[PDB]
Amino acid sequence: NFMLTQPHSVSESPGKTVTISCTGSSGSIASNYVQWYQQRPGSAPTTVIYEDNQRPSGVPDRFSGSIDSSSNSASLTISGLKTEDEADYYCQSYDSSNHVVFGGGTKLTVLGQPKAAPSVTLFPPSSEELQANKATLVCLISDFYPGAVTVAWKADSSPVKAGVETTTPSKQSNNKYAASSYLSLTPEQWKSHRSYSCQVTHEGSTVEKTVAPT
Amino acid sequence: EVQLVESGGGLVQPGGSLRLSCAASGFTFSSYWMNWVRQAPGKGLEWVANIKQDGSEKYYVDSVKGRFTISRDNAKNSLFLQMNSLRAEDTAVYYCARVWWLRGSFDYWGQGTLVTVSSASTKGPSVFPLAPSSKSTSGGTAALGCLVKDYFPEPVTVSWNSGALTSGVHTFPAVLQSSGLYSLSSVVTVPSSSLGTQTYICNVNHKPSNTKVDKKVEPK
Amino acid sequence: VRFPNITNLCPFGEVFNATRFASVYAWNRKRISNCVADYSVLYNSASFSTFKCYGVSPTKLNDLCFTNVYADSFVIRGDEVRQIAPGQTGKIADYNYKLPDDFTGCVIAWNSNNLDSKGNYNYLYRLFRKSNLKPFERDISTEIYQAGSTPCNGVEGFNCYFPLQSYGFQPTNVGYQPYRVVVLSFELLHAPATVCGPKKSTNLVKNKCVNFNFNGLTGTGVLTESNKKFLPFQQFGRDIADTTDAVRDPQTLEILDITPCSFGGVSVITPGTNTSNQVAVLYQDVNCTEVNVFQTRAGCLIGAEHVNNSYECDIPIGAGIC
Amino acid sequence: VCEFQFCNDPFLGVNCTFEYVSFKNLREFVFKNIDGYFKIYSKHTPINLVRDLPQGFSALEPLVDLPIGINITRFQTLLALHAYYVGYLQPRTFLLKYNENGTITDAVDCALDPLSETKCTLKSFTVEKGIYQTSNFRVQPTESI
Ligand SMILES: *[C@@H]1O[C@H](CO)[C@@H](O[C@@H]2O[C@H](CO)[C@@H](O[C@@H]3O[C@H](CO)[C@@H](O)[C@H](O)[C@@H]3O)[C@H](O)[C@H]2NC(C)=O)[C@H](O)[C@H]1NC(C)=O
Ligand SMILES: *[C@@H]1O[C@H](CO)[C@@H](O)[C@H](O)[C@H]1NC(C)=O
Ligand SMILES: *[C@@H]1O[C@H](CO)[C@@H](O)[C@H](O)[C@H]1NC(C)=O
Ligand SMILES: *[C@@H]1O[C@H](CO)[C@@H](O)[C@H](O)[C@H]1NC(C)=O
Ligand SMILES: *[C@@H]1O[C@H](CO)[C@@H](O)[C@H](O)[C@H]1NC(C)=O
Ligand SMILES: *[C@@H]1O[C@H](CO)[C@@H](O)[C@H](O)[C@H]1NC(C)=O
Ligand SMILES: *[C@@H]1O[C@H](CO)[C@@H](O)[C@H](O)[C@H]1NC(C)=O
Ligand SMILES: *[C@@H]1O[C@H](CO)[C@@H](O)[C@H](O)[C@H]1NC(C)=O
């Protein structure tokens with residue numbers, strides 16, 4: 001069925017223009033109308049752009065967009081970025097295979113402060129937990145900016161998805177963001193691999209930590 | 001002036017059911033399309049169901065097909081969603097919205113009603129120390145923390161040395177496990193040289209079960 | 001607000017629910033004119049896979065008037081539906097059905113694989129042409145296309161091709177499945193508009209002060225049944241001083257007299273304040289149903305007790321009343 | 001309203017942007033083109049005059065009002081083969097008399113003669129004995145010195 005996808009981390013300096021894109025697959029995005037929504041933390045998403053290039057009252061002319069039909073994609077641009085524009089942005093379109101289709105969302109950060117790479121520390125199961133027949137590995141990410149990172153777990157050289165839960169970035173006391181991820185293994189699973197690791201992606205480069213049974 | 005008001009959220013067991021409602025005014029219901037849109041915590045938006053202006057036809061996303069029923073009453077000025085056989089995967093915030101035409105935009109949105117699906121009973125947390133390895137310690141700086149696991153419901157508050165240690169301290173958001181229980185963690189940032197000389201005890205407080213756990217974290 | 005019965009709808013259904021469509025190289029056109037354009041059967045329909053307006057939003061379209069509306073229909077592959085748009089190029093956009101960059105209208109399409117397939121080679125498209133098409137042109141000639149330098153002399157051969165190629169539409173083909181495409185082109189000329197969307201009417205409430213809009217006239221007042229009749233073609237009546245007297249209702253064809261909403265001066269009837277602070281109030285030339293209540297010719301008098309006994313006049317009210 | 005090809009002597013035997021399909025006899029019509037609309041008024045009455053145009057008064061009710069948009073400078077009357085009259089309208093003032101049922105029963109042509117001017121000036125089909133001022137006279141310049 002037709003689906004929409006979006007980039008996770010999008011950021012730009014205040015006063016400048018940022019582009020937020022959305023792409024389609026298993027159908028044509030340009031065969032129907034594309035909407036864009038903005039969800040500020042704490043409330044519901046509201047319409048910013050509709051029917052490709054229209055906007056509701058209360059939305060300034062800083063918000064505009066278009067559909068690139070030959071690339072099966074669409075985007076909006078936000079000029080004159082303000083610190084009030086921090087929000088989760090969403091794309092929406094219509095299909096026959098899937099009536100209303102929403103994208104996964106884009107996290108937009110306005111860079112009103114210096115950027116920072118994440119500090120990642122990966123902790124092994126303690127003896128107390130192993131004695132309870134559990135082996136949760138804990139990946140803690142802190143001190144990063146913009147507040148948007150991707151966190152994933154691996155077993156040896158292959159990715160592991162089972163038993164994985166994540167949180168979103170959350171502003172900490174130093175105005176940077178922190179995030180976490182948990183991998184819940186049994187001791188037997190933990191010891192079935194040479195090692196386990198957590199890799200955190202920020203912009204493009206990554207930070208990777210490894211722990212193992214001893 | 002158009003407004004949407006929602007209710008009917010709360011905690012339900014797996015396999016259970018409930019009805020959500022979205023009361024509204026400022027428009028005639030029979031002139032507009034009504035929809036439900038779902039958003040799980042940490043997730044983006046997805047569509048659940050759509051009902052036609054006069055209630056003559058209904059549409060659903062495959063993931064809720066055969067389980068959820070969308071219905072409306074244009075005389076009572078309210079939209080309803082009957083959700084049967086709720087699964088753990090259905091934990092989410094449910095929004096109602098007004099649509100001018102089928103392939104148009106969602107012009108008005110509610111605030112969102114949270115539905116949590118869990119068989120878990122109220123339980124206090126177990127706390128396990130998270131010790132840094134020598135590989136990270138050797139860098140000159142280090143971090144150590146606590147894992148708070150298998151508690152229900154939220155929230156849990158965590159502090160270090162009974163509130164004495166606030167510098168370099170962060171408590172992470174909790175996650176919901178497939179077991180219906182929650183887990184979170186807390187970390188304190190230290191100089192690597194302080195790991196073997198200073199005391200680092202986390203104080204984990206879970207009000208719903210009157211449980212307090214004091215756990216010392218040491219380096220590996 | 002009252003508008004007449006709509007007994008003349010635009011035949012969008014005839015175009016969309018047709019048993020057969022034309023080939024794209026020979027696309028059909030039907031003129032829509034002198035009718036009510038109800039688009040609620042097009043934009044509220046979930047059966048369409050494509051629904052995009054390059055002219056005006058559907059939310060406004062159903063309230064706009066045009067001189068002419070044209071419905072252009074044809075069958076093409078699903079992978080070619082994206083070519084039916086202004087600014088596009090390709091085998092269909094250039095040789096079969098071209099829309100102008102400034103196209104004003106809507107492109108609607110849906111899957112027809114459940115009917116228009118076998119292989120079904122009845123539908124054709126132009127593969128070769130000497131030049132591209134002008135906006136809304138059509139070319140149904142069979143002249144052999146010369147790709148090379150050797151004259152074709154009416155037949156196929158080395159670098160000579162029949163200009164058309166058929167579609168291999170089969171029930172087992174998404175991109176190669178047939179789609180029915182209808183393009184609705186809307187224009188406004190210097191001529192009087194002939195096609196407007198439907199207008200909604202409200203219920204009519206009698207014997208109340210209301211605002212109103214009947215067909216093309218507006219005003220305020222009270223609508224009551226008239227005891228007068230109009231000629232068969234007349235829409236409303238007018239008074240001596242050129243004010244609206246009555247209106248003929250667009251749906252019932254009954255005639256309703258229009259009166260002004262009650263108004264008049266308000267005066268206070270009082271004994272001198274030296275002896276009393278009690279007062280009565282007279283509403284001039286109004287009914288007591290509109291405002292010790294006494295209805296008289298002067299108006300509606302409240303606070304004064306009417307009595308049978310006559311007395312020499314003291315404070316005059318009017319029409320014999322003191 | 002198609003771009004019809006016609007003979008130079010069209011008769012009946014014994015693209016269109018508009019299409020519609022449905023002596024003793026006096027038929028009267030008025031054809032006028034206002035802001036693109038072709039308005040047709042008509043009346044059909046019995047007569048007992050077989051030689052010439054009957055004398056009398058009637059008003060023609062509107063028949064159709066067609067949103068056509070065509071320039072009309074000339075027209076052709078079509079007869080079937082095995083009488084009619086044509087006049088032209090002018091932007092003149094008339095006083096129209098409406099009876100109790102709203103039917104026009106009489107009329108005054110306000111520029112026909114001095115009595116008609118008085119009748120229009122006074123808004124009455126009956127004029128009392130006396131003198132009425134109906135218009136002003138002004139001699140116009142005929143040359144330039
Ligand atoms: C082209 O023709 C089709 C019919 O093949 C039209 O489909 C119409 O679809 C609507 C649903 O959106 C039908 O309404 C439903 O009717 C049933 C039975 O009375 C009722 O139980 C439902 O609650 C609902 O009211 C409608 O009946 C159906 N039309 C016909 C004649 O069956 C389609 O709208 C046509 N397209 C155009 C542009 O005219
Ligand atoms: C309009 O439709 C109603 C039926 O709903 C009918 O009674 C009425 O006579 C119709 N009016 C006209 C002018 O056709
Ligand atoms: C008016 O009031 C005065 C008292 O100030 C009183 O003496 C006089 O009689 C009153 N006049 C009348 C007509 O009652
Ligand atoms: C006032 O309205 C009533 C109807 O409720 C009517 O019988 C009465 O004659 C009216 N009186 C006047 C003065 O209009
Ligand atoms: C006048 O007298 C008649 C009886 O003859 C009575 O019905 C009526 O109500 C009286 N009117 C007033 C104002 O007292
Ligand atoms: C229809 O109108 C166009 C534009 O004026 C004209 O070129 C065409 O020849 C007309 N159709 C016919 C059959 O003459
Ligand atoms: C007659 O033709 C002129 C252009 O030469 C046009 O402006 C005018 O509106 C036309 N008259 C009618 C009734 O269409
Ligand atoms: C008005 O019409 C009636 C028939 O309903 C007729 O008897 C009457 O004479 C007409 N009035 C006039 C002034 O012609």
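Basis: the model, the stated rules and, where named, an outside source; none is laboratory data. Positions of Cβ are generated from backbone atoms using ideal geometry, with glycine treated the same way; all protein chains shown enter the neighbour counts.
C:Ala109 meets the conditions (1) within 12 Å of another protein chain (Cβ to nearest Cβ); (2) more than 19 Å from C:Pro178 (Cα to Cα); (3) not charged (D, E, K, R) in every case but one. The failed one is (2). Of all residues in region D:6-35, those satisfying the criterion of being within 14 Å of chain C (Cβ to nearest Cβ) and either assigned to a loop (DSSP other than H, G, I, E, B) or within 16 Å of ligand 6 (Cβ to nearest atom) (or both) are D:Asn15, D:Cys16, D:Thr17, D:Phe18, D:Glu19, D:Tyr20, D:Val21, D:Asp35. Among the residues of region C:272-322, the ones that are more than 23 Å from C:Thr259 (Cα to Cα), away from ligand 3 (no atom under 16 Å from the Cβ) and of a type in the set (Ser, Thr, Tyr) come to 2 in all. Name the residue that is nearest to C:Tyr70 (Cα to Cα), counting only residues in region D:1-28 that are surrounded by 13 or more Cβ atoms within 10 Å (Cβ to Cβ) and not β-branched (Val, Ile, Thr). Going through the qualifying residues, I end up with D:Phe18. Residue under question is C:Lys134, and the condition is that it be of a type in the set (D, E, K, R) and within 18 Å of C:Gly90 (Cβ to Cβ); does it hold? Criteria met by C:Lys134. Mind telling me which of the residues A:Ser70, A:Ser96 ends up being hydroxyl-bearing (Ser, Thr, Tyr), part of a loop (DSSP other than H, G, I, E, B) and more than 10 Å from chain B (Cβ to nearest Cβ)? Criteria check complete, one pass: A:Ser96. Looking across region B:110-132, the residues that are at the interface with chain A (Cβ under 10 Å from one of its Cβ atoms) and closer than 22 Å to B:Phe172 by Cα come down to B:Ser126, B:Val127, B:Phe128, B:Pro129, B:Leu130, B:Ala131, B:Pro132.
For C:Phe263, the test of being in a strand (DSSP E or B) and either among the aromatic types (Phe, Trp, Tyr) or within 16 Å of ligand 3 (Cβ to nearest atom) (or both) is failed.
Picking from residues in region D:52-77 that are over 17 Å from the mean Cα position of the chain (by Cα) and surrounded by fewer than 10 Cβ atoms within 10 Å (Cβ to Cβ), the one that is nearest to ligand 8 (Cβ to nearest atom) is D:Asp52.
Within region C:91-121, restricting attention to residues that are over 32 Å from the mean Cα position of the chain (by Cα) and among the aromatic types (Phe, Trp, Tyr), the residue that is surrounded by the most Cβ atoms within 10 Å (Cβ to Cβ) is C:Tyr95.
Checked against the criteria, C:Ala18 does not count as assigned to a loop (DSSP other than H, G, I, E, B), in contact with a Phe, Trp or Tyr (Cβ under 8 Å, 6 or more places away or on another chain) and either under 27 Å from C:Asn215 (Cα atoms) or of a type outside the set (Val, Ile, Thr) (or both). For D:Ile40, state whether it is touching a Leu at 6+ places or on another chain (Cβ under 9 Å), among the hydrophobic types (A, V, I, L, M, F, W, C) and either within 14 Å of chain C (Cβ to nearest Cβ) or within 16 Å of ligand 7 (Cβ to nearest atom) (or both). Yes, satisfied. The criterion of at least 3 residues that are surrounded by fewer than 16 Cβ atoms within 10 Å (Cβ to Cβ) is met by the following strands (runs of 3 or more DSSP E) wholly inside region C:153-222: C:209-214. Filtering region C:238-250 for residues that are part of a strand (DSSP E or B), over 18 Å from C:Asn5 (Cα atoms), acidic (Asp, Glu) and away from ligand 4 (no atom under 16 Å from the Cβ) leaves a non-empty set. Taken over region B:133-152, the residue count meeting the criterion of being outside any strand (DSSP E or B) and more than 7 Å from chain A (Cβ to nearest Cβ) is 6. When we screen C:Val36, C:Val75 for residues that are among the β-branched types (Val, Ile, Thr) and within 16 Å of ligand 2 (Cβ to nearest atom), the only hit is C:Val36. Regarding A:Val18, is this residue under 25 Å from B:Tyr108 (Cβ atoms), hydrophobic (A, V, I, L, M, F, W, C) and not assigned by CATH to the domain that holds A:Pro146? No.
When the strands (runs of 3 or more DSSP E) confined to region B:38-101 are screened for residues that are closer than 21 Å to B:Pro14 by Cβ and touching a strand residue (DSSP E or B) at 6+ places or on another chain (Cβ under 8 Å), those reaching at least 3 such residues are found at B:46-51, B:78-83, B:92-99. Evaluated against (1) under 27 Å from A:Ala162 (Cα atoms); (2) away from chain A (no Cβ under 12 Å), B:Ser179 falls short on exactly one condition, (2). Among the conditions (1) of a type outside the set (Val, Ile, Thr); (2) within 14 Å of another protein chain (Cβ to nearest Cβ); (3) under 26 Å from D:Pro10 (Cα atoms), D:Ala80 misses just one, which is (2). Would it be correct to say that A:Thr168 is among the β-branched types (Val, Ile, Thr), surrounded by 17 or more Cβ atoms within 10 Å (Cβ to Cβ), within 8 Å of chain B (Cβ to nearest Cβ) and under 16 Å from the mean Cα position of the chain (by Cα)? Yes, satisfied. Assessment of region A:35-55 against the conditions (within 14 Å of chain B (Cβ to nearest Cβ), of a type in the set (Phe, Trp, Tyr) and within 20 Å of A:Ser97 (Cα to Cα)) yields no matching residue. For region C:267-321, taking the residues that are assigned to a strand (DSSP E or B) and of a type in the set (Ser, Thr, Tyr), the one that is nearest to C:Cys209 (Cα to Cα) is identified as C:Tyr283. For region C:25-72, filtering for residues that are under 24 Å from C:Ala191 (Cα atoms) and more than 14 Å from chain A (Cβ to nearest Cβ) leaves 22. Kindly establish whether B:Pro155 is more than 13 Å from chain A (Cβ to nearest Cβ), closer than 30 Å to B:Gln13 by Cα and assigned to a helix (DSSP H, G or I). For B:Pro155, the condition - more than 13 Å from chain A (Cβ to nearest Cβ), closer than 30 Å to B:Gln13 by Cα and assigned to a helix (DSSP H, G or I) - is not met. Within region D:29-45, the set of residues being closer than 21 Å to D:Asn99 by Cβ and loosely packed, with under 13 Cβ neighbours inside 10 Å comprises D:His44, D:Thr45.
Within region C:268-320, the only residue that satisfies the criterion of being surrounded by 11 or more Cβ atoms within 10 Å (Cβ to Cβ), within 16 Å of ligand 5 (Cβ to nearest atom) and among the aromatic types (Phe, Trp, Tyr) is C:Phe294. Evaluate region B:178-200: report whether one residue or more is touching a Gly at 6+ places or on another chain (Cβ under 6 Å), farther than 25 Å from A:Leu185 by Cα and in a helix (DSSP H, G or I). Yes, region B:178-200 contains at least one residue that is touching a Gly at 6+ places or on another chain (Cβ under 6 Å), farther than 25 Å from A:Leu185 by Cα and in a helix (DSSP H, G or I). One residue stands out among those in region A:59-113 that are among the aliphatic types (A, V, I, L, M) and touching a helix residue (DSSP H, G or I) at 6+ places or on another chain (Cβ under 8 Å): the one that is farthest from A:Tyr33 (Cα to Cα), which is A:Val110.
Among the residues in region D:96-109, are any among the β-branched types (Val, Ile, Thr) and loosely packed, with under 12 Cβ neighbours inside 10 Å? No, region D:96-109 contains no residue that is among the β-branched types (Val, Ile, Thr) and loosely packed, with under 12 Cβ neighbours inside 10 Å.
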